[PDB]
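Structure first, commentary second.
Below, read A as the first sequence line, B as the second, and so on, with proteins coming before strands; counting in each chain starts at 1. Just follow the structure's listing: the first ligand is 1, and inside any ligand the first atom is 1. Keep in mind that the numbers below use all heavy atoms, side chains included, and drop hydrogens, waters and symmetry copies.
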Amino acid sequence: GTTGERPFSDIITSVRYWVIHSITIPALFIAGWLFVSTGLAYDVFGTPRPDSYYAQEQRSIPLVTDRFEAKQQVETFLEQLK
Amino acid sequence: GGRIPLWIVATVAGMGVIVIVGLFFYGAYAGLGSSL
Amino acid sequence: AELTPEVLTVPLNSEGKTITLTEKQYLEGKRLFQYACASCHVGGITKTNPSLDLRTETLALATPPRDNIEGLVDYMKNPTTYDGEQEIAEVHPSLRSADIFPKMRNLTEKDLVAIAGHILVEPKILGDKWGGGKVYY
Amino acid sequence: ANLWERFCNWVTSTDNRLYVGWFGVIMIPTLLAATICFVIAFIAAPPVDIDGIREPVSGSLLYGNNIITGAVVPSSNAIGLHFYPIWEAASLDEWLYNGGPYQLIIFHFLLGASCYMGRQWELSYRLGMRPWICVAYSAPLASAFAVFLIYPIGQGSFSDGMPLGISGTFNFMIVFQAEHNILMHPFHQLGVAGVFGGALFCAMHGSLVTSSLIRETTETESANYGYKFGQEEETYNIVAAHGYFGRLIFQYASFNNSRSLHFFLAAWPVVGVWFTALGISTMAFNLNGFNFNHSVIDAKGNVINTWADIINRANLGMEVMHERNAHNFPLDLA
Amino acid sequence: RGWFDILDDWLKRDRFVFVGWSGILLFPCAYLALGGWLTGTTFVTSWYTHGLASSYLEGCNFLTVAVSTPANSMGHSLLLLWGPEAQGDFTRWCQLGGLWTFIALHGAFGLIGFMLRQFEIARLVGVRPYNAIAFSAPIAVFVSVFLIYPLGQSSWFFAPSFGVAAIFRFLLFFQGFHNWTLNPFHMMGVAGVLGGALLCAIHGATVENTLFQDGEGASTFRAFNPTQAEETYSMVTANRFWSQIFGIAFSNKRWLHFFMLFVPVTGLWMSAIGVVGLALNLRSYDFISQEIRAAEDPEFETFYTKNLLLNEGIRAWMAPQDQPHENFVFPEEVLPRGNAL
Amino acid sequence: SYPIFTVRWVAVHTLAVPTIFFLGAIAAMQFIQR
Amino acid sequence: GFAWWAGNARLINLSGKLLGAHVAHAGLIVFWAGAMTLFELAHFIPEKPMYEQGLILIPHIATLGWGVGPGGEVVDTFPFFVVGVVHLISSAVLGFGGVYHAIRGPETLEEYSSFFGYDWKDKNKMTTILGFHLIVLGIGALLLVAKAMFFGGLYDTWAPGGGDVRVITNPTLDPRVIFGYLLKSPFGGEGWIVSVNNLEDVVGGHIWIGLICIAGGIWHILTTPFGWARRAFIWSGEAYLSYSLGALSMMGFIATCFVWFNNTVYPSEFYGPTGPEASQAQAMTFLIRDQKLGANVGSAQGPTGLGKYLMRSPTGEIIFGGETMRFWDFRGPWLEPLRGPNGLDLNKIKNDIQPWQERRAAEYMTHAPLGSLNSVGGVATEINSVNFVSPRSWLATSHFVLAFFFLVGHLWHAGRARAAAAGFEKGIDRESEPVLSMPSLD
Ligand code: CLA
Ligand code: CLA
Ligand code: CLA
Ligand code: CLA
Ligand code: CLA
Ligand SMILES: CC1=C(/C=C/C(C)=C/C=C/C(C)=C/C=C/C=C(C)/C=C/C=C(C)/C=C/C2=C(C)CCCC2(C)C)C(C)(C)CCC1
Ligand SMILES: CC1=C(/C=C/C(C)=C/C=C/C(C)=C/C=C/C=C(C)/C=C/C=C(C)/C=C/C2=C(C)CCCC2(C)C)C(C)(C)CCC1
Ligand SMILES: CC1=C(/C=C/C(C)=C/C=C/C(C)=C/C=C/C=C(C)/C=C/C=C(C)/C=C/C2=C(C)CCCC2(C)C)C(C)(C)CCC1
Ligand SMILES: [Cl-]
Ligand SMILES: [Cl-]
Ligand SMILES: [Fe+2]
């Protein structure tokens with residue numbers, strides 16, 4: 001009824017487990033927070049910030065309309081916000 | 001072994017879940033996505 | 001795009017003087033509008049009389065013009081029909097009728113400006129959606 | 001040997017090919033009345049003025065319908081929730097125009113179906129069984145009550161109950177979405193999980209038992225002949241089933257107790273369907289699905305549409321068109 | 001005793017999570033499909049492909065986030081990261097919809113790996129492979145809906161986007177444009193899913209209420225041993241109850257459990273066939289005899305004609321925002337509307 | 001004698017590590033204002 | 001040998017611990033009553049209608065006459081505070097006794113005293129406990145009569161002048177009226193007991209119910225069940241529980257319809273308008289608007305050929321047109337001034353509509369009980385802005401849900417009580433399977 005690995009309930013009630021993980025779990029949580037709070041997540045993924053969906057007096061969507069010039073269309077849309 | 005009683009581990013983890021979920025529901029009324 | 005002073009700049013009176021609201025005033029106006037007005041005027045229409053909306057071009061053609069802070073502040077005190085011919089305080093919320101419309105009781109003079117300011121700003125932001133009804137939802 | 005005692009012995013007899021019982025005494029006339037009226041109306045009823053606006057809808061085969069478009073049409077909005085038996089009409093012609101048969105069918109049917117649930121308890125008691133098969137059936141029964149009775153009460157009219165027809169069903173669920181956004185309501189979401197999960201677990205349990213049948217036949221025979229009705233030994237190896245399914249996922253995600261397994265099979269779709277029946281029953285009082293229309297706006301205040309806004313455009317299209325002649329004022333408040 | 005057999009040994013070790021030869025295909029593809037969906041719903045927009053916000057970062061909740069389809073202008077491009085559209089730029093690849101094909105394609109190969117896993121474990125354990133066979137129904141549904149259907153249309157844009165509300169929009173699109181509820185292949189699918197759920201509940205309930213008393217406790221679960229040879233419930237009493245309640249009942253335990261496999265599997269296969277038709281707009285949209293009569297006879301009205309009016313409102317009211325690449329401008333005066341509303 | 005690092009160990013952290021990372025990022029997002 | 005998840009069934013035969021469970025649980029009920037009232041009061045803002053503020057308990061107190069004056073305006077919130085505090089305080093005492101009897105007190109009562117101890121199978125003792133509680137309930141029904149007639153009265157939405165607190169001096173005692181309600185059909189235009197539309201019938205009904213309950217309590221103290229009743233029932237703790245579960249389910253369904261349709265003991269001033277009311281108010285609103293513009297509402301033919309504003313009901317009464325034709329059975333104090341013998345009176349409509357009636361219809365039309373789960377007001381296609389779901393929707397839906405599940409609990413516990421009484425609740429005896437001794441069906 002077992003395949004040789006250490007039981008989970010034995011692991012998570014053990015002191016050594018919680019010695020390591022009271023650091024690793026908050027560290028990963030803080031790291032993810034800073035990914036957003038530093039604004040890095042916006043730049044990695046290309047996600048618009050609340051002020052960069054539209055140019056100031058614009059109400060047209062910057063919809064991609066060409067297949068092979070698509071990359072350049074996005075880039076041109078973005079310069080209309082600089 | 002069995003130092004930390006499992007009923008205590010479950011209580012604390014459970015409250016950690018409640019806190020994060022509660023934070024997510026708070027954010028439905030503030031900031032982005034709140035309609036304000 | 002963002003809430004800049006140019007969008008926050010609206011007419012003060014008929015003579016053409018302008019006033020520039022703060023972002024705080026805009027947000028306060030939106031809150032007070034939801035508190036006291038939105039039940040009939042959500043999104044700039046009028047549920048109990050759809051023929052009359054809060055679009056700026058509509059308010060400009062009202063008698064006393066209402067497309068300016070003064071005209072709107074006066075309306076919240078002594079509302080009239082669209083042609084100016086009769087006072088309608090007893091069927092429309094106003095300070096003059098805060099006894100029969102209790103939500104008007106605790107509105108101070110600066111609240112009135114915030115509420116008027118919101119009504120004039122919003123069509124600049126939402127365009128056709130303000131006062132357009134479900135066609136533009 | 002008394003005449004009443006012998007009748008009581010026949011009613012509750014476990015020897016009738018079909019059990020009658022005291023619940024059967026109410027069920028049999030009510031279901032026969034509902035069935036006979038349904039068949040006749042479906043084939044032959046004239047058009048019914050469902051929305052009270054003197055615009056009759058043709059439901060029956062003889063008036064130009066096929067099996068897919070035919071319906072018994074709900075009773076007139078002019079009647080609302082008023083009781084409309086035959087003897088309240090000036091004539092059968094009047095009763096037919098106004099949708100009388102719908103009321104007769106659904107009232108007799110809800111009674112007979114309720115007694116069907118009671119009859120399930122009753123025979124279980126005469127046979128010495130455990131009693132809760134009727135609790136499983138309460139989930140479909142509650143659903144039928146929701147669409148034929150509860151939702152009418154909340155909206156104020158049997159004309160808004162579900163039509164007794166295939167396309168009439170579709171009309172009902174399209175209008176239900178435009179007015180309640182039922183897709184965005186969590187009790188319908190749980191109903192889908194009850195029904196998707198139910199079909200899943202049906203296929204799983206069927207495939208796992210079938211996978212582990214003990215060899216009892218030749219390749220020229222149906223393996224089904226390896227089981228004889230009323231044999232005492234099991235016909236499959238649950239240990240082999242568990243040994244496979246536990247390795248497919250991991251060991252503790254698989255059942256090796258057949259009683260807990262079958263209880264799980266019972267409870268998942270039953271509970272899911274209770275919730276979706278409660279969804280219809282609480283949207284009867286206009287507590288509707290989540291509304292995230294224009295919930296996302298940018299720094300200036302432009303609306304940033306989400307998929308919820310696209311749904312709303314679809315809902316709007318259904319709203320403006322349904323019952324295109326029935327509304328004179330701008331808000332559809334029921 | 002070469003390297004191949006050594007590796008075979010290690011892949012087939014009995015461990016907490018069985019690996020197997022199929023694990024080499026299954027595990028990477030399952031993890032990337034899942035990770036793609038979590039990454040995109042947390043961080044990635046749909047602004048440039050759809051004009052929609054769609055991530056937690058943008059303000060969306062669990063019901064509204066999605067990994068959305070590429071823009072219509074991409075056609076059926078594979079949208080590979082290194083391909084001519086994104087040209088190796090990860091950021092542009094996200095903005096152009098590349099996570100959608102990433103998830104659909106890795107998802108497709110993970111499904112294959114999972115079915116191979118069912119075959120692989122069944123062979124090592126010694127059982128018949130009917131669980132794998134039943135899993136062909138989920139695969140048929142996935143490939144017909146996410147692959148075949150958009151491949152018959154103009155582009156991936158019209159496939160389902162991976163999100164809760166995005167799938168709801170897919171449902172309503174199919175009503176207004178395809179009249180999918182009228183399609184007998186969907187109706188057969190409905191009967192298979194609903195009939196599956198019924199069989200699931202009725203079989204579970206029957207077993208639990210014909211149990212043998214094999215212990216003294218009021219909790220009846222303890223009175224079962226997985227190695228007992230005896231049936232734990234009475235087929236004879238179950239058959240009598242249902243024969244007298246419903247008129248017919250199961251009498252053969254093997255047929256019953258095969259029927260439980262057959263019903264939902266067959267239903268899903270049927271619905272898949274109808275979606276293949278809709279790939280080509282081969283809809284069951286109309287009944288011609290109804291339309292001929294209704295066009296000539298303005299007093300003739302059915303629930304069929306009522307529903308088409310509802311489809312026509314759906315199309316006109318959602319199309320401009322739902323298909324933004326078409327630049328549909330519908331002035332207020334052309335929108336179909338009943339009175340007052 | 002229990003091993004520490006197993007195939008199971010990898011499967012567990014392959015899911016749990018980015019899960020907590022993602023939960024931290026989503027928490028921060030609740031305090032973003034427009 | 002119940003499992004932990006059925007662990008409260010271990011209390012069936014431990015009368016002392018089961019007493020603690022009941023009394024502790026009663027402390028929970030009173031605690032929530034106390035705490036919820038203080039919460040509502042802390043959030044209450046008097047210049048907003050109660051129904052714009054998500055209040056469900058303050059409306060119950062206001063209906064009893066406390067805190068309000070003419071038109072339903074709140075004059076004094078101190079009565080609300082008192083009701084909350086006293087409930088909250090009382091919950092400590094019930095909490096104290098509950099935990100004592102559940103943890104420290106005697107596990108079983110029948111040793112400590114032959115008065116408080118009981119056996120479920122003792123039909124004499126069971127009807128005695130029932131009789132005591134019937135008397136308690138009878139006193140409870142007369143407290144409401146006392147408040148209405150001797151201690152300040154009740155809020156009366158029908159009082160001339162827009163509603164007001166009114167002392168009830170002539171409660172209805174005619175049993176043809178009181179029991180006439182119990183024989184009205186539950187269908188539209190009748191509405192069974194939900195149709196009660198005046199305080200005199202309400203107070204008189206409670207005099208009758210108080211007396212009936214006290215008389216019935218004394219009956220059951222002094223008698224034991226007759227043989228016909230002894231052969232018809234199961235006599236066990238779980239059976240008694242199952243019977244009460246059925247009664248609570250029935251009662252919850254009734255309460256659902258009461259708050260949805262009745263605007264007399266659920267005044268719309270406090271609870272917001274009913275569904276029918278709000279839909280009638282919209283037709284009133286545009287009738288008023290269009291007639292001010294010159295429209296002749298009586299002769300205006302709508303698109304279908306039916307009147308655009310006014311039409312006839314199936315029995316001829318003049319009623320509002322449009323879809324609200326279904327709601328013509330609605331009666332409310334803002335509308336009744338316009339009714340003559342034949343329904344809505346065209347001459348009153350032309351000449352006698354007052355500004356307060358225009359205000360009230362516009363208010364109720366824009367506060368129809370429609371809203372989303374996240375409290376966006378209006379139809380499902382409305383945009384965000386108005387934070388509102390009517391108290392009537394909250395109360396109708398919650399109690400339908402509770403009523404439904406208690407019907408399921410009735411089925412569960414009734415079937416089990418039967419099977420446990422006959423001895424096959426744990427399964428079929430392999431050596432004595434009934435079907436194996438029956439002839440085959442074919
Ligand atoms: C079994 C695992 C597996 C499978 C089946 C896939 C399958 C796929 N991936 Mg995924 N991927 C995987 C693991 C896997 N991936 C892993 C582990 C990662 C992390 C690095 C990724 C990261 C990833 C990304 C980032 C992308 C894909 C993409 C794709 C698709 C296109 C791949 C392609 O064209 O292959 C081409 C390569 C081959 C077919 C292999 C060729 C091997 C031949 C037989 C030998 C050739 C000889 C060799 C070249 C000689 C070199 C000599 C040298 C000295 C010069 C396809 C659905 C793309 C996608 O989803 O598009 C939307 C994409 O953009 N994958
Ligand atoms: C309204 C809810 C409610 C109530 C009143 C009870 C009451 C009871 N249960 Mg039940 N139970 C409930 C819910 C409830 N249960 C639920 C939801 C479950 C499922 C998890 C169970 C599962 C369960 C099992 C499995 C068993 C019981 C048993 C019992 C009884 C003895 C418990 C005991 O000795 O604990 C001892 C516990 C302690 C000493 C811990 C301290 C608990 C105290 C009371 C907390 C009080 C805090 C409060 C703030 C005090 C205020 C002080 C101030 C007012 C003075 C008791 C009458 C047992 C029984 O029948 O005994 C034969 C038993 O075996 N119950
Ligand atoms: C349903 C409620 C209920 C019932 C049936 C019992 C029954 C019992 N209790 Mg328990 N008890 C209860 C509630 C209840 N108690 C509460 C609420 C508390 C907390 C204050 C206690 C605290 C308590 C203690 C501390 C002890 C008992 C004991 C006893 C036993 C002897 C009682 C006796 O001789 O009193 C004789 C009769 C009287 C003293 C007359 C009391 C008159 C009351 C208080 C006034 C009337 C109240 C009114 C009707 C309603 C409240 C008003 C409110 C609405 C504002 C008996 C089995 C004793 C025991 O078991 O010994 C081992 C014991 O030591 N009880
Ligand atoms: C909580 C309330 C309550 C409860 C649980 C009981 C319980 C009991 N009573 Mg008591 N009873 C009560 C209040 C209560 N009583 C009151 C207040 C009075 C004074 C009027 C009486 C007067 C009384 C008498 C005179 C008798 C009982 C008897 C009984 C026993 C048999 C009951 C029975 O078979 O009914 C089942 C009901 C029937 C068989 C007939 C049903 C008839 C109704 C009207 C059907 C209608 C239901 C319908 C669907 C809903 C619409 C209602 C309609 C009226 C509009 C049982 C122990 C009997 C006994 O043994 O006494 C010692 C007996 O003869 N009771
Ligand atoms: C007056 C009400 C009442 C009373 C006193 C009882 C009493 C009893 N029931 Mg019954 N029951 C009731 C109503 C009631 N029931 C209702 C309404 C239903 C239908 C749903 C049932 C269905 C039912 C079943 C199916 C069974 C019982 C059983 C039992 C016994 C054991 C109960 C136990 O230990 O539970 C322990 C308590 C728990 C395990 C807690 C359950 C947790 C609930 C379901 C979730 C609550 C969450 C809530 C909805 C809000 C969520 C928000 C979130 C923050 C939590 C006991 C005699 C058992 C039995 O037959 O014993 C003889 C049994 O198997 N009951
Ligand atoms: C895409 C991509 C990739 C990949 C990535 C990955 C793989 C990712 C992963 C990711 C992940 C892996 C993530 C995760 C996350 C998670 C989450 C976010 C979770 C959450 C959850 C929750 C929230 C829950 C809660 C709850 C509830 C609600 C109830 C019950 C209880 C519980 C607690 C469960 C790469 C690099 C290759 C490159 C290309 C691109
Ligand atoms: C048995 C049991 C149980 C149960 C229990 C119970 C349920 C209990 C109860 C209890 C209770 C029920 C309690 C109560 C309490 C109360 C109190 C203690 C109160 C206090 C009060 C106060 C102090 C107040 C104050 C105030 C005032 C006076 C004024 C205003 C303000 C304030 C509010 C602050 C359980 C399940 C857990 C477990 C198992 C066993
Ligand atoms: C307060 C009030 C009032 C009054 C009321 C009254 C006067 C009532 C009464 C009520 C009553 C007086 C009721 C009764 C009930 C009854 C019932 C509910 C019954 C039940 C039954 C049963 C359940 C049975 C069963 C059975 C059978 C059938 C067979 C054999 C077996 C058994 C026994 C099981 C009014 C409306 C004026 C107004 C408002 C307020
Ligand atoms: Cl329609
Ligand atoms: Cl209307
Ligand atoms: Fe089975």
Inset, instruction - Return the residue, atom name and 0.1 Å-rounded distance of the protein heavy atom closest to atom 39 (C) of ligand 8. - result: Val202(G) CA, 4.2 Å
Inset, instruction - For atom 18 (C) of ligand 6, find the nearest protein heavy atom and state the residue, atom name and distance (0.1 Å precision). - result: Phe22(F) CB, 3.8 Å
Legend entry - Taking every non-hydrogen atom, the tightest pair across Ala27(F) and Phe29(A): CB-CZ, 3.6 Å
At less than 3.5 Å, what protein N or O atoms come close to the N or O atoms of ligand 5? Include the distances to 0.1 Å.
residue: ligand 5; atom: 9 (N); partner: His413(G); partner atom: NE2; Å: 3.0
residue: ligand 5; atom: 15 (N); partner: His413(G); partner atom: NE2; Å: 3.4
residue: ligand 5; atom: 34 (O); partner: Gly7(G); partner atom: N; Å: 3.1
residue: ligand 5; atom: 34 (O); partner: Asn8(G); partner atom: N; Å: 2.8
residue: ligand 5; atom: 60 (O); partner: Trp412(G); partner atom: NE1; Å: 3.1
residue: ligand 5; atom: 65 (N); partner: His413(G); partner atom: NE2; Å: 3.3

Inset, instruction - Decide, yes or no, whether a salt bridge links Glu208(E) with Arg259(D) under the criterion of side-chain N to carboxylate O below 4.0 Å. - result: no
Legend entry - Ring geometry between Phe45(A) and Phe35(A) (parallel below 30°, tilted from 30 to 60°, perpendicular above 60°): perpendicular
Inset, instruction - List for me each residue that meets side chain to side chain contact (heavy atoms under 4.5 Å, CB included) alongside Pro186(G), sequence neighbours excluded, and say none if there are none. - result: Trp192(G)
Legend entry - Nearest-neighbour protein heavy atom for atom 16 (C) of ligand 6, which is reported as residue plus atom name and distance: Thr19(F) OG1, 3.5 Å
Inset, instruction - Please report which non-hydrogen protein atom sits nearest to atom 4 (C) of ligand 8, along with the residue it belongs to and the distance in Å to one decimal place. - result: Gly205(G) CA, 4.0 Å
Legend entry - Donor on one side chain, acceptor on other, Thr45(E) and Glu58(E), under 3.5 Å: yes
Inset, instruction - Considering only protein heavy atoms, determine whether one is less than 4.0 Å from atom 26 (C) of ligand 8. - result: no
Inset, instruction - Just say parallel, tilted or perpendicular for the rings of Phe90(E) and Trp93(E), cut-offs at 30° and 60°. - result: tilted
Inset, instruction - Examine the proximity of ligand 8 to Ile212(G) and report which part, side chain or backbone, both or neither, has a heavy atom under 4.0 Å away. - result: neither
Legend entry - atom 22 (C) of ligand 6 [closest protein heavy-atom partner, distance rounded to 0.1 Å]: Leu23(F) CD2, 4.5 Å
Legend entry - Residue list, side chain to side chain contact (heavy atoms under 4.5 Å, CB included) with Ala421(G), at least two apart or on another chain: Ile234(G)
Inset, instruction - Specify the closest pair of heavy atoms between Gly97(E) and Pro70(E), including all atoms of both residues, with the distance to one decimal. - result: O-CG, 3.7 Å
Legend entry - Nearest-option assignment for atom 12 (C) of ligand 6, heavy atoms, candidates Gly98(E), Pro18(F), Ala25(F): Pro18(F)
Inset, instruction - Identify the protein heavy atom lying closest to atom 28 (C) of ligand 6, giving its residue, its atom name and the separation to 0.1 Å. - result: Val21(B) CG2, 4.5 Å
Legend entry - Heavy-atom proximity to atom 8 (C) of ligand 8, best of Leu182(G), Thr172(G), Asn198(G): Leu182(G)
Inset, instruction - Indicate the atoms forming the closest heavy-atom contact of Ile103(E) with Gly36(E), along with that distance. - result: CD1-C, 3.5 Å
Legend entry - Protein contact of atom 7 (C) of ligand 8 - nearest heavy atom, named by residue and atom, plus distance: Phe179(G) CE2, 3.9 Å
Inset, instruction - Report yes or no: is the cationic atom of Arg10(G) (NZ for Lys, CZ for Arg) closer than 6.0 Å to the six-membered ring centre of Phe2(G), at no more than 45° off its axis? - result: no
Inset, instruction - Using only heavy-atom distances, determine whether the side chains of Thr282(D) and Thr397(G) contain a donor-acceptor pair under 3.5 Å. - result: no
For residues 198-208 of chain G, dump all side-chain donor-acceptor pairs below 3.5 Å to protein atoms at least two apart in sequence or in another chain.
residue: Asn198(G); atom: OD1; partner: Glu200(G); partner atom: N; Å: 3.3
residue: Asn198(G); atom: OD1; partner: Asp201(G); partner atom: N; Å: 2.8
residue: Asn198(G); atom: ND2; partner: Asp201(G); partner atom: OD2; Å: 2.7
residue: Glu200(G); atom: OE1; partner: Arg166(G); partner atom: NH2; Å: 3.0
residue: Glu200(G); atom: OE2; partner: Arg166(G); partner atom: NH1; Å: 2.8
residue: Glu200(G); atom: OE2; partner: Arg166(G); partner atom: NH2; Å: 2.9
residue: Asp201(G); atom: OD1; partner: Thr172(G); partner atom: OG1; Å: 2.6
residue: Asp201(G); atom: OD2; partner: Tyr181(G); partner atom: OH; Å: 2.7
residue: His206(G); atom: ND1; partner: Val202(G); partner atom: O; Å: 2.7
residue: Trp208(G); atom: NE1; partner: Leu173(G); partner atom: O; Å: 3.1

Legend entry - Protein heavy-atom partner closest to atom 6 (C) of ligand 8 - residue, atom, separation in Å: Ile209(G) CG1, 3.9 Å
Legend entry - Distance filter under 4.0 Å to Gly35(E) heavy atoms, resulting ligand 6 atoms: 6 (C), 7 (C), 8 (C), 9 (C), 10 (C)
Legend entry - Shortest protein contact, atom 31 (C) of ligand 6 (heavy atom only): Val17(B) CG1, 4.2 Å
Legend entry - Contact atoms of ligand 6, heavy-atom distance to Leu38(E) under 4.0 Å: 11 (C), 13 (C), 14 (C), 15 (C)
Inset, instruction - Measure from the ring center of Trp132(D) to the ring center of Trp412(G) and say whether it is less than 6.0 Å. - result: yes
Inset, instruction - Establish, from distance only, whether the side-chain atoms of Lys426(G) and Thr220(E) form a donor-acceptor pair under 3.5 Å. - result: no
Inset, instruction - Please check if a non-hydrogen protein atom sits closer than 4.0 Å to atom 14 (C) of ligand 6. - result: yes
Inset, instruction - If you have a sec, work out which protein heavy atom is nearest atom 38 (C) of ligand 6 and how many Å separate them, to one decimal? - result: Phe90(E) CE1, 4.9 Å
Legend entry - Per-atom contacts, ligand 8 versus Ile178(G) - under 4.0 Å to a heavy atom: 37 (C)
Inset, instruction - Write out the residue and atom name of the closest protein heavy atom to atom 40 (C) of ligand 8, then the distance separating them to 0.1 Å. - result: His206(G) CE1, 3.5 Å
Legend entry - Atom indices of ligand 6, in the order listed, that fall short of 4.0 Å to a heavy atom of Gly36(E): 1 (C)
Legend entry - atom 3 (C) of ligand 6 - nearest protein heavy atom and its distance: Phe102(E) CZ, 4.6 Å
Inset, instruction - Work out whether the distance between some heavy atom of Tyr243(G) and some atom of ligand 8 is less than 4.0 Å. - result: no
Inset, instruction - Considering only protein heavy atoms, determine whether one is less than 4.0 Å from atom 35 (C) of ligand 6. - result: no
Legend entry - Part of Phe233(G) with heavy atoms under 4.0 Å of ligand 8, whether side chain, backbone, both or neither: side chain
Legend entry - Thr264(G) versus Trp158(G), side-chain donor and acceptor atoms under 3.5 Å: yes
Inset, instruction - Just need the protein heavy atom nearest to atom 5 (C) of ligand 6, so name the residue and atom and give the distance. - result: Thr39(E) OG1, 3.9 Å
Inset, instruction - For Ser219(E) and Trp5(G), test the side chains for any donor-to-acceptor distance below 3.5 angstrom and give the result as yes or no. - result: no
Inset, instruction - Anything under 30° is parallel, anything over 60° is perpendicular, the rest tilted; go ahead and classify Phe405(G) against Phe275(D). - result: perpendicular
Inset, instruction - Write down the atom of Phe290(D), the atom of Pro186(D), and the distance for their closest heavy-atom approach. - result: CE1-CD, 3.7 Å
